[PDB]
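S.K.: Fold the following for me, if possible:
(chains A and B)
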Amino acid sequence: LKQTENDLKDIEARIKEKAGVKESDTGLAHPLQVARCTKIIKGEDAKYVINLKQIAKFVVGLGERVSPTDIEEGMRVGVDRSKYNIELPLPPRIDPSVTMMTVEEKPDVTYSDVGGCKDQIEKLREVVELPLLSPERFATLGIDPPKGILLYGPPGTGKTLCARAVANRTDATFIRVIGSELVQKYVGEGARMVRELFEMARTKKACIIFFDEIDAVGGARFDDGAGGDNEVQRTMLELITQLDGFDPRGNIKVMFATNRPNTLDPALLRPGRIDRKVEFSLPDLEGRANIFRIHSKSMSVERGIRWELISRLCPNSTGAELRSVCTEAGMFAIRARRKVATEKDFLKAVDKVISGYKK
Amino acid sequence: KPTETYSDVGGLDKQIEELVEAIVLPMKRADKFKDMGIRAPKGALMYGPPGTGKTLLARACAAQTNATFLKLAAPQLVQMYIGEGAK
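M.R.: Numbering: from 1, shown residues only, chains lettered A, B, ... in the order given. This is the structure:
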């Protein structure tokens, strides 16, 4: 097998390199990330001659032609940054972005770090849980749920597991899209990724489209709003033309996550699209107690401890600061050389968070 | 020719009186000003918070005279290569 594939360059690759390179490079020129043509004269109809490079840009006039399969020669055909006329039917949509997309239908997450967040659930009960369960109730109310729902709170807390808890009661599909990964070297990845989200939301009713880290995208940015390239500038079009105009409000819903509302486009913050603003508070004495008892099932502890007094000494804390109390509880047991964490280990773990941080 | 009237948004009649005077009157019937030789105003400066009727009565003033609505967004006027919003 080793010596068999060595001589294929002189036999099989001679035809492969001719049809895969010489034909593509003919005249200074199947996933297509690039296309180029130099001085091609073809009699308006299948003219093409489009240079994807920012240098020496071309246009196509003289009528309109639709050829989604093969425009002119096949081979190298592309759109990339600037969309010119009749080149729309064949966009270069290929990209290994599958690692970015995370789709979970009917998540099983109920309460882990979100114990005590039922106050925020009631905020999402009317405008999210209600339409995804009985959308026909809004017919007699006369109004309909708003398009989007805005999330607010501490950075990196409450925007992950709290969104999946609502989808459990409604048996919806939770799709998390990271906004920082929407920005790549390919111009238009943010707008193209949003296009496929509404396409999958029309097939299956009652789906949740979630956008993680919208500050990296927003409605505008430097390279798009202030720049010449179009990525986020074309992303806002998919949140307006598709969601508002074509898509009904009951079946398709949109939710974002951001640290500050001012980091977004004021055009999106206006009513008609983004209305509900959900602020993430911190769990109370009852909420912080239900989180510690769940983590105590996977961690060896003493059967005679009390999780109510553990959450009582600790003030209001985020979802991470509460998990730190259980993880640090095993560190103090190492000094005492014990297999389980006694009540005194949790008391020292709370003082480590109070004194070590003081926030 | 968007479809809107002045009764869809009320309470702005104080501002509408200034809009109709500087927009509808010089546009709809210009024969009163042309007989005097004076030049009719082609626009009026408008300012205010969003949603106060500046963009709400835009299509309303265009619907009364049956005109085409063309909106120019501020983020759309800044690009890299010279062109676009300038055109």
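S.K.: Not counting sequence-adjacent ones, nearest residue to the residue nearest the centre of chain B?
M.R.: When C-alpha atoms, centre = their mean is applied to chain B, the residue found nearest the centroid is residue B:58 (5.0 Å). Closest residue to residue B:58 apart from its sequence neighbours, by C-beta to C-beta, 6 or more residues apart in numbering or on different chains: residue B:69 at 6.9 Å. Just so you know, the C-beta spots here come from the backbone N, C-alpha and C atoms, and that holds for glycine as well.
S.K.: What of residue A:105?
M.R.: Setting aside the residues directly before and after it, residue A:105 is nearest to residue A:173 in space (C-beta to C-beta, 6+ apart), at 4.5 Å.
S.K.: can you check residue B:42 too?
M.R.: Closest to residue B:42 by C-beta to C-beta, 6+ apart is residue B:26, at 7.3 Å.
S.K.: burial of that neighbour, as a residue count?
M.R.: 17 (other C-beta atoms under 10 Å in any protein chain shown).
S.K.: Secondary structure class of it, three-state.
M.R.: helix (DSSP: H, G, I helix; E, B strand; the rest coil).
S.K.: And it, how far from residue A:141?
M.R.: Between residue B:26 and residue A:141 the computed distance is 45 Å (C-beta to C-beta, to the nearest Å).
S.K.: ok, residue 33 - how many residues close by?
M.R.: Using chain A. For residue A:33, the neighbour count with other C-beta under 10 Å is 12.
S.K.: please go with chain B instead
M.R.: Neighbours of residue B:33 using other C-beta under 10 Å come to 14.
S.K.: That one in helix, strand or coil?
M.R.: Assignment for residue B:33 (three-state DSSP): helix.
S.K.: and what of the one 3 residues further on?
M.R.: Counting by three-state DSSP, the backbone at residue B:36 sits in coil.
S.K.: element containing the spatially closest residue to residue A:117 that is not a sequence neighbour?
M.R.: Spatial nearest neighbour of residue A:117, excluding adjacent residues (C-beta to C-beta, 6+ apart): residue A:162 at 5.5 Å. Element membership for residue A:162, per DSSP states H and E: helix A:161-170.
S.K.: now do residue A:135
M.R.: With DSSP H and E as criterion, residue A:135 is part of no helix or strand.
S.K.: Tell me how far the residue of chain B at minimum distance from chain A lies from residue B:46.
M.R.: Nearest residue of chain B to chain A: residue B:80, at 2.7 Å (C-beta to the nearest C-beta). Distance of residue B:80 to residue B:46, given as C-beta to C-beta: 30 Å.
S.K.: Compare neighbour counts for these two and give me the winner.
M.R.: Shown here are residue B:80 and residue B:46; by other C-beta under 10 Å, residue B:46 has more neighbours (15 against 12).
S.K.: so the more buried one touches residue B:53, yeah?
M.R.: No - Residue B:46 lies out of contact with residue B:53 (C-beta atoms under 8 Å); the separation is 9.2 Å.
S.K.: got the residues of chain A near chain B?
M.R.: Residues of chain A lying close to chain B (C-beta under 8 Å from any C-beta of the partner chain) are A:219-220, A:225-229, A:233, A:265-267, A:270-271.
S.K.: can you put these in TSV and add secondary structure?
M.R.: What follows is those, written out as TSV (three-state DSSP):
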residue	secondary structure
A:219	coil
A:220	coil
A:225	coil
A:226	coil
A:227	coil
A:228	coil
A:229	coil
A:233	helix
A:265	coil
A:266	helix
A:267	helix
A:270	coil
A:271	coil
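S.K.: Around residue A:97, how many other residues sit close by?
M.R.: With other C-beta under 10 Å as criterion, residue A:97 counts 16.
S.K.: Contacts only, for it.
M.R.: A:181, A:184, A:189, A:193 (C-beta atoms under 8 Å, 6 or more residues apart in numbering or on different chains).
S.K.: Which residue would be the closest one in the stretch 51-200 of chain A to chain B?
M.R.: Counting by C-beta to the nearest C-beta, the stretch 51-200 of chain A gets nearest chain B through residue A:54, at 8.8 Å.
S.K.: What ranges does the stretch 51-200 of chain A have for its helices?
M.R.: A:118-124, A:130-133, A:137-141, A:161-170, A:189-203 (DSSP state H, counting those that start in this stretch).
S.K.: any idea which of those helices is most buried?
M.R.: helix A:161-170 (a mean of 20; mean count of other C-beta atoms under 10 Å in any protein chain shown).
S.K.: And for that helix, what's in contact with it?
M.R.: A:104, A:106-114, A:117, A:120-121, A:124-125, A:128-129, A:132-133, A:151, A:173-174, A:176, A:206, A:208, A:210, A:255, A:257, A:280, A:319.
S.K.: Also stretch A:47-61?
M.R.: Contacting residues not belonging to stretch A:47-61 are listed as A:34-37, A:40, A:42, A:44, A:62, A:71-73, A:77-82, A:84-87 [C-beta under 8 Å, 6+ apart].
S.K.: do the same with stretch A:20-32
M.R.: Residues contacting stretch A:20-32 (C-beta under 8 Å, 6+ apart): A:35, A:36, A:37, A:38, A:39, A:40, A:75, A:76, A:77, A:78, A:92, A:94.
S.K.: Stretch B:74-86 too?
M.R.: Contacts of stretch B:74-86 (C-beta under 8 Å, 6+ apart): A:219, A:220, A:225, A:226, A:227, A:228, A:229, A:233, A:265, A:267, B:72.
S.K.: For it, measure first residue to last.
M.R.: From the first residue to the last, stretch B:74-86 extends over 12 Å; the measure is C-alpha to C-alpha, to the nearest Å.
S.K.: Residue A:253 should be in a strand, yeah?
M.R.: Yes - secondary structure of residue A:253 (three-state DSSP): part of a strand.
S.K.: How about it, nearest residue that isn't a chain neighbour?
M.R.: residue A:208 (5.8 Å).
S.K.: phi, psi of that neighbour?
M.R.: phi -110, psi 120 (degrees, to the nearest 10).
S.K.: Dig out what it forms beta bridges with.
M.R.: For residue A:208, the beta-bridge partners under DSSP bridges are residue A:174, residue A:253.
S.K.: mind listing what it touches?
M.R.: Here residue A:208 is in contact with A:128, A:132, A:163, A:166, A:167, A:172, A:173, A:174, A:175, A:253, A:255 (criterion: C-beta under 8 Å, 6+ apart).
S.K.: ok, the first one - how many residues close by?
M.R.: Neighbour count of residue A:128, defined by other C-beta under 10 Å: 24.
S.K.: now stretch A:11-26: how far from the chain's centre is it?
M.R.: In terms of C-alpha atoms, centre = their mean, to the nearest Å, the centre of stretch A:11-26 is set 40 Å apart from its chain centre.
S.K.: Tell me the span between the first and last residue of that stretch.
M.R.: Using C-alpha to C-alpha, first and last residues of stretch A:11-26 are 22 Å apart.
S.K.: any idea which of the residues of chain A next to chain B is closest to chain B?
M.R.: For those, the nearest to chain B is residue A:228 (2.7 Å; C-beta to the nearest C-beta).
S.K.: Work out for me the element the closest residue to that closest one other than its chain neighbours sits within.
M.R.: Leaving aside its chain neighbours, residue A:228 sits nearest to residue B:80 (2.7 Å; criterion: C-beta to C-beta, 6+ apart). Assigned by DSSP H and E, residue B:80 belongs to neither a helix nor a strand.
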